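Undergrad: below is the sequence, then the experimental coordinates.
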Amino acid sequence: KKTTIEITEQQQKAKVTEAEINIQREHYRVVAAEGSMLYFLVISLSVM
């Protein structure tokens, strides 16, 4: 009875931690995206 309630709490804490990352995925998309865009430019620069 206890371990079933303690699993349903964890599953509700899972959806909250999945939501709060998927928000902080979009906040740092702009930072990451800029990093990627600059690397492919740096690879092109190797070829010349």
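TA: Yep, that arrived. Numbering: from 1, shown residues only.
Undergrad: how far away is residue 29 from residue 37?
TA: As for residue 29, its distance to residue 37 is 12 Å (criterion: C-beta to C-beta, to the nearest Å). All C-beta atoms are positioned from the backbone trio N, CA, C, and that covers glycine.
Undergrad: one more: residue 44?
TA: Distance of residue 44 to residue 37, given as C-beta to C-beta: 11 Å.
Undergrad: over to residue 2?
TA: 51 Å.
Undergrad: which one's more surrounded, these two?
TA: Taking other C-beta atoms under 10 Å, residue 2 and residue 37 do not tie; residue 37 has more neighbours (9 against 6).
Undergrad: what about the longest helix in the chain?
TA: In the chain, ranked by residue count with DSSP state H as the criterion, the top helix is helix 2-27.
Undergrad: CA atoms of the next helix or strand after it as PDB?
TA: Per DSSP states H and E, the first helix or strand lying C-terminal to helix 2-27 is helix 29-47. Taking C-alpha atoms only, helix 29-47 is exported to PDB below (Å, rounded to 0.1, in the frame of the first residue of the first chain):
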ATOM      1  CA  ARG A  29      18.300  26.300 -27.400                       C
ATOM      2  CA  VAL A  30      19.400  29.800 -28.400                       C
ATOM      3  CA  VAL A  31      22.900  29.300 -26.700                       C
ATOM      4  CA  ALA A  32      23.400  25.800 -28.100                       C
ATOM      5  CA  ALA A  33      22.100  26.700 -31.600                       C
ATOM      6  CA  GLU A  34      24.700  29.600 -31.800                       C
ATOM      7  CA  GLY A  35      27.400  27.100 -30.800                       C
ATOM      8  CA  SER A  36      26.400  24.600 -33.500                       C
ATOM      9  CA  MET A  37      26.100  27.300 -36.300                       C
ATOM     10  CA  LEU A  38      29.700  28.500 -35.400                       C
ATOM     11  CA  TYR A  39      31.200  25.000 -35.400                       C
ATOM     12  CA  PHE A  40      30.100  24.100 -39.000                       C
ATOM     13  CA  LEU A  41      31.600  27.500 -40.100                       C
ATOM     14  CA  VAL A  42      34.900  26.500 -38.300                       C
ATOM     15  CA  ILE A  43      34.800  23.100 -40.200                       C
ATOM     16  CA  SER A  44      34.400  25.000 -43.600                       C
ATOM     17  CA  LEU A  45      37.400  27.200 -42.600                       C
ATOM     18  CA  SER A  46      39.500  24.000 -42.400                       C
ATOM     19  CA  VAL A  47      38.800  23.100 -46.100                       C
END
